[PDB]
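Enquirer: One structure follows; several queries about it will come next.
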Amino acid sequence: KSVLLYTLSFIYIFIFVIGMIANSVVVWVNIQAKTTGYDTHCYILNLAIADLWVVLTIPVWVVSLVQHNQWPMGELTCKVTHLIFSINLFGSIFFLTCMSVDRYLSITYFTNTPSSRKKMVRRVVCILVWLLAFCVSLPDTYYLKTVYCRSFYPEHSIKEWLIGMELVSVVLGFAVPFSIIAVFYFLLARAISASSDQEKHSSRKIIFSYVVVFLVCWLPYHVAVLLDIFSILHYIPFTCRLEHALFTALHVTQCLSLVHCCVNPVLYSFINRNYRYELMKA
Amino acid sequence: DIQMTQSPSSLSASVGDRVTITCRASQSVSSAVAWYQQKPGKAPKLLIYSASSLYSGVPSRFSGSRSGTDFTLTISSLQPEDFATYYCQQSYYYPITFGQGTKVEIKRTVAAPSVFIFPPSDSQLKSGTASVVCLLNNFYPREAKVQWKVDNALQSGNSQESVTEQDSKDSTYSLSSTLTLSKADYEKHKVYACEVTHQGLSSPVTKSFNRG
Amino acid sequence: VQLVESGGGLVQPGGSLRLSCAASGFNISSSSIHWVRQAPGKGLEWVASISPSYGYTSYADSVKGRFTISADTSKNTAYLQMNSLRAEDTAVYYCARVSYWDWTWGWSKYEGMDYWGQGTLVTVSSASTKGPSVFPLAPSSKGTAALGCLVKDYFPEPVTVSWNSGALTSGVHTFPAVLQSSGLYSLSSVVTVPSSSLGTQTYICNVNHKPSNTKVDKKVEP
Ligand SMILES: Cc1cc2cccnc2c(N2CCC[N@@H+](Cc3csc(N4CCC(O)CC4)n3)CC2)c1OCCCC(=O)O
Ligand SMILES: CC(C)CCC[C@@H](C)[C@H]1CC[C@H]2[C@@H]3CC=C4C[C@@H](O)CC[C@]4(C)[C@H]3CC[C@]12C
Ligand SMILES: CC(C)CCC[C@@H](C)[C@H]1CC[C@H]2[C@@H]3CC=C4C[C@@H](O)CC[C@]4(C)[C@H]3CC[C@]12C
């Protein structure tokens, strides 16, 4: 068992390093490009910031995990980290959702809109997404305590609360984002197909990756969590093999999930020719 | 509407000289500017787009910059094919507003204007409208002052001035000022005159003719 | 990209017109189409713009409530309809494309008009066709004399003047037409020749007017 935890620790260290470097570079280039006459996008900067915060919080999780699931730090760290991580993760997911619809609208609706109006719209959307992410994340930390750091929900209906929270994490966390992103990237692909000039410059094998990496990142984790919750409901028989399999699956898929943090810079900005040229210039 | 002033209004630089044209906005526009080039009676082309990017196709001589809300177009060597007005556009705020333009013209040495006076043909007197013409030929630079004073009685408010474009060979202009009156009014007066003042003239030249 | 305009022509004041810019070589729906106007011998001006996809049109102040811009994607075309035209609308209209690129969505630049069509003169003049009247600017009394032909009261433009059956082409100037107050154009064409040659070789100027196919060979002589 300790072998698995050590392997996951190594993977986490690698992910932390890569994500930190990539997000820092992206943010720096985004800040500096505005002096060269470019028009950088607010969503990319906010997404980079959110990924940077999650990566910064990873080390606390690694330290807690290596310590045989013990929690040496106090309750203050419990609350602060479980709040920061959740807020940043939800913000990143919501920005990935909003970015697809913005990209699609850029080719049809915003073709003849002055830059000032679209800039104002983008700022409003960014503020709204940040506020919504914080509001959705707050309840989880609202009832988090340590004594083993975990959540102690109200007893009278404790059962419901569990599933309650889970539903949100699958309804507003992965279901709707995937639905919207897939639908709007398919529509964008169709719109590019309709035109002829755009075909030569752009490539249709990048949008498919955009819409598939989300699944590759967040489907195993959610299915594992749903299996765990169903097990906690005693629907599945209680067995040592089953509990061990669930534990291993949850840990490995959690480790895989954070790859979502370090794969955004490589997928949304690095492959962009203009960004690469600007980076080489800088 | 965002007002965009542009200077200098008119340039004069010989081939090979550098050129600099400045565009001043009113509010702050973030790098949303462009510079075109309208040849005489032709569709303008896009020279520079965004703050400083160069449209693919233009020679490397043309370049742009930015400083707060003041933009500038700089040309290293002014090739003979670069003589045409350049306009300044901003795209940040609708409605889009262009600039006045800064015509770039050939340069040469000062040359005096040849002045001539032409009365109206007796045949035109039948129509009842009499026109007299003062002609300035083969002069430089564009600036030139022409005035009418019939028997020392200054006339103003009724006259048409027309100038050509830089001559292909000599790079000189040519100006025509037409004075229009009525047959009775022309017959009433005794003598007519045309006075020309120019940079290449030490003193004004007054060419006068009598009605008979 | 081969944008081409159409339409245009003399229109009585207060009439109406419909200019059409028909694109090609690309889909119109992925870029906005603007209309630019240039008054005779003046700077450019903006008129209207349209996004063919969902039709979000923005107009200029001088044309607000008068000019309607529409798009047809089934033919890659845009149409500007103008009504209640005033005397100040005399100008030349171009249609421009504000190119948009998707392959740089994340890190883009403030685009600008790049492909312009040709002009289409729109003369809103209440006058009618007329034939030019040629008058001789004879040489002065008294080493190079000058003489010319003044063509007055003609409409519409243009007019071509050649001196002595095209024999003379050096020292001959034809000034641009000037719109008189009455609304009929005037134009002087003058050439300078040696003083001695006068009185020996007869000089004649050719005034040809295609709109009324009027040809006049005026014999200028002192
Ligand atoms: C390293 C690590 C990575 C995780 C990756 C994803 C989820 N959790 C991780 C986690 N833990 C476990 C789950 C609770 N989670 C709270 C939370 C709030 S919102 C949220 N998202 C759920 C998915 C949805 O798509 C977006 C929102 N998750 C954080 C704490 C981690 O630390 C392990 C603790 C030590 C041990 O495992 O013993
Ligand atoms: C308690 C804190 C650390 C967790 C709450 C999330 C933090 C990270 C959030 C809350 C409000 C957020 C800010 C809200 C708005 C903007 C403007 C944008 O143009 C750049 C990012 C920036 C400056 C955000 C940075 C991240 C931020 C500070
Ligand atoms: C994260 C999930 C659950 C919610 C995602 C909702 C996002 C995509 C919604 C929230 C507010 C919405 C914006 C509200 C207002 C406008 C202005 C309009 O002129 C264009 C569309 C636009 C820009 C909307 C795009 C979609 C939008 C950004």
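Every number in this text was worked out from the coordinates using simple rules, so none of it is lab data. Counting neighbours? That spans all protein chains shown, and the Cβs are built from the backbone with ideal geometry, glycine included.
Enquirer: With respect to C:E157, is the statement that it is of a type in the set (D, E, K, R), closer than 30 Å to B:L46 by Cα, under 24 Å from the mean Cα position of the chain (by Cα) and not in a strand (DSSP E or B) true?
Expert: Numbers: of a type in the set (D, E, K, R): yes; closer than 30 Å to B:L46 by Cα: yes; under 24 Å from the mean Cα position of the chain (by Cα): yes; not in a strand (DSSP E or B): yes.
For C:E157, the condition - of a type in the set (D, E, K, R), closer than 30 Å to B:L46 by Cα, under 24 Å from the mean Cα position of the chain (by Cα) and not in a strand (DSSP E or B) - is met.
Enquirer: Here is a further query. Those residues that are farther than 23 Å from A:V125 by Cβ and assigned to a loop (DSSP other than H, G, I, E, B), I need them from the stretch A:55-113; list them, please.
Expert: Those that are farther than 23 Å from A:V125 by Cβ and assigned to a loop (DSSP other than H, G, I, E, B): A:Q67, A:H68, A:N69, A:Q70, A:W71, A:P72, A:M73, A:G74.
Enquirer: Of all residues in the stretch A:66-98, which are within 11 Å of ligand 1 (Cβ to nearest atom), over 17 Å from the mean Cα position of the chain (by Cα) and surrounded by fewer than 18 Cβ atoms within 10 Å (Cβ to Cβ)?
Expert: Within the stretch A:66-98, A:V66, A:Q67, A:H68, A:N69, A:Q70, A:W71 meet the criteria.
Enquirer: Six or more apart or on different chains, Cβ under 7 Å: which pairs go from a residue in the stretch B:19-35 that's on the phi > 0 side of the Ramachandran plot to one that's of a type in the set (D, E, K, R)? Could you list them?
Expert: Short answer, once both residue conditions are applied: B:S31/B:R66.
Enquirer: Would it be correct to say that A:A175 is within 16 Å of ligand 2 (Cβ to nearest atom), small (G, A, S) and surrounded by 12 or more Cβ atoms within 10 Å (Cβ to Cβ)?
Expert: Working: within 16 Å of ligand 2 (Cβ to nearest atom): no; small (G, A, S): yes; surrounded by 12 or more Cβ atoms within 10 Å (Cβ to Cβ): yes.
Spelling it out, it is not the case that A:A175 is within 16 Å of ligand 2 (Cβ to nearest atom), small (G, A, S) and surrounded by 12 or more Cβ atoms within 10 Å (Cβ to Cβ).
Enquirer: Count, please, the residues in the stretch C:80-101 that happen to be buried (at least 18 other Cβ atoms within 10 Å of the Cβ) and closer than 25 Å to A:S196 by Cα.
Expert: So in the stretch C:80-101, the residues buried (at least 18 other Cβ atoms within 10 Å of the Cβ) come out as C:80, C:82, C:85, C:89, C:91-100.
Still in the list and also closer than 25 Å to A:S196 by Cα: C:94-100.
Final tally of qualifying residues: 7.
Enquirer: Filter the stretch C:36-54 down to residues that are touching a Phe, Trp or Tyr at 6+ places or on another chain (Cβ under 6 Å) and not in a loop (DSSP other than H, G, I, E, B) and give me whichever is nearest to the other protein chains (Cβ to nearest Cβ).
Expert: C:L44
Enquirer: Just one of C:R37, C:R86 is under 21 Å from B:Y93 (Cα atoms) and among the basic types (K, R); which is it?
Expert: Values: C:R86 fails: under 21 Å from B:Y93 (Cα atoms).
The conditions single out C:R37.
Enquirer: So for the stretch A:114-132 (the condition being assigned to a loop (DSSP other than H, G, I, E, B) and away from ligand 1 (no atom under 16 Å from the Cβ)), does at least one residue qualify?
Expert: Yes; the residues of the stretch A:114-132 include at least one that is assigned to a loop (DSSP other than H, G, I, E, B) and away from ligand 1 (no atom under 16 Å from the Cβ).
Enquirer: Going through B:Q37, B:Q79 one at a time, which residue ends up being away from chain A (no Cβ under 14 Å) and within 22 Å of C:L3 (Cα to Cα)? Spell out the reasoning first.
Expert: Details: B:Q79 fails: within 22 Å of C:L3 (Cα to Cα).
Sole residue among the options that is away from chain A (no Cβ under 14 Å) and within 22 Å of C:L3 (Cα to Cα): B:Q37.
Enquirer: Would you mention how many residues in the stretch C:55-76 are within 14 Å of chain B (Cβ to nearest Cβ) and not in a loop (DSSP other than H, G, I, E, B)?
Expert: 7
Enquirer: Here is a follow-up. Only one of A:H251, A:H244, A:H234 is at positive phi, more than 14 Å from chain C (Cβ to nearest Cβ) and more than 16 Å from ligand 3 (Cβ to nearest atom); which? If you could, list the steps in order and put the result at the bottom.
Expert: Working: A:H251 fails: at positive phi; A:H244 fails: at positive phi.
From the options A:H251, A:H244, A:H234, the qualifying one is A:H234.
Enquirer: Looking at the stretch A:196-219, which of its residues are surrounded by 17 or more Cβ atoms within 10 Å (Cβ to Cβ), under 20 Å from A:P265 (Cα atoms) and within 14 Å of chain C (Cβ to nearest Cβ)?
Expert: Answer for the stretch A:196-219, where residues must be surrounded by 17 or more Cβ atoms within 10 Å (Cβ to Cβ), under 20 Å from A:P265 (Cα atoms) and within 14 Å of chain C (Cβ to nearest Cβ): A:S202, A:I207, A:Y210.
Enquirer: Quick one: how many residues across the stretch A:179-195 are more than 11 Å from ligand 3 (Cβ to nearest atom) and more than 14 Å from chain C (Cβ to nearest Cβ)? Spell out the reasoning first.
Expert: Our first condition is that a residue be more than 11 Å from ligand 3 (Cβ to nearest atom); within the stretch A:179-195, this holds for A:182-183, A:185-195.
Narrowing the set further to residues that are more than 14 Å from chain C (Cβ to nearest Cβ) leaves A:182-183, A:186.
Final tally of qualifying residues: 3.
Enquirer: Another question, then. Let me confirm something: among A:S193, A:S151, which residue is more than 16 Å from ligand 2 (Cβ to nearest atom), surrounded by fewer than 18 Cβ atoms within 10 Å (Cβ to Cβ) and farther than 25 Å from A:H251 by Cα? Walk me through it before giving the result.
Expert: Numbers: A:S151 fails: farther than 25 Å from A:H251 by Cα.
Sole residue among the options that is more than 16 Å from ligand 2 (Cβ to nearest atom), surrounded by fewer than 18 Cβ atoms within 10 Å (Cβ to Cβ) and farther than 25 Å from A:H251 by Cα: A:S193.
Enquirer: Name the residues in the stretch A:31-52 that are away from ligand 3 (no atom under 16 Å from the Cβ) and under 18 Å from the mean Cα position of the chain (by Cα), would you? Lay out the reasoning, then the answer.
Expert: So the first thing to find is which residues in the stretch A:31-52 are away from ligand 3 (no atom under 16 Å from the Cβ), and the list is A:31-40, A:45, A:48-49, A:51-52.
Within the stretch A:31-52, A:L45, A:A48, A:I49, A:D51, A:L52 qualify.
Enquirer: Okay, next question. Select from the stretch B:122-176 the residues that are in a strand (DSSP E or B), within 29 Å of B:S14 (Cα to Cα) and small (G, A, S) and list them in ascending order. Explain how you work it out, then say what you get.
Expert: Narrowing the stretch B:122-176 to residues in a strand (DSSP E or B): B:129-140, B:145-150, B:153-155, B:160-163, B:173-176.
Filter again for within 29 Å of B:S14 (Cα to Cα), leaving B:135-140, B:145-146, B:161-163, B:173-176.
Result: B:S162, B:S174, B:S176.
Enquirer: When you look at B:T206, is it surrounded by 15 or more Cβ atoms within 10 Å (Cβ to Cβ) and not hydrophobic (A, V, I, L, M, F, W, C), yes or no? Write out each step before concluding.
Expert: On the way: surrounded by 15 or more Cβ atoms within 10 Å (Cβ to Cβ): no; not hydrophobic (A, V, I, L, M, F, W, C): yes.
In short, no.
Enquirer: Please find, among A:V62, A:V55, the residue that is away from ligand 3 (no atom under 16 Å from the Cβ), away from chain B (no Cβ under 14 Å), in contact with a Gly (Cβ under 8 Å, 6 or more places away or on another chain) and not basic (K, R).
Expert: On the way: A:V62 fails: in contact with a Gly (Cβ under 8 Å, 6 or more places away or on another chain).
Of the residues listed, the single one that is away from ligand 3 (no atom under 16 Å from the Cβ), away from chain B (no Cβ under 14 Å), in contact with a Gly (Cβ under 8 Å, 6 or more places away or on another chain) and not basic (K, R) is A:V55.
Enquirer: So A:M20 passes all but one of these: (1) outside any helix (DSSP H, G or I); (2) touching a helix residue (DSSP H, G or I) at 6+ places or on another chain (Cβ under 7 Å). Which condition number does it fail?
Expert: Condition not satisfied by A:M20: (1).
Enquirer: It is to be established whether one or more residues within the stretch C:162-173 are in a strand (DSSP E or B) and more than 22 Å from B:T172 (Cα to Cα). Walk me through it before giving the result.
Expert: Restricting attention to the stretch C:162-173, the residues satisfying the condition of being in a strand (DSSP E or B) are C:162-163, C:168, C:172-173.
Retained after the next criterion (residues that are more than 22 Å from B:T172 (Cα to Cα)): none.
For the stretch C:162-173, residues in a strand (DSSP E or B) and more than 22 Å from B:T172 (Cα to Cα): absent.
Enquirer: Name the single residue that is surrounded by the fewest Cβ atoms within 10 Å (Cβ to Cβ) among those in the stretch C:108-143 being more than 8 Å from chain B (Cβ to nearest Cβ) and part of a strand (DSSP E or B).
Expert: Here the answer is C:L121.
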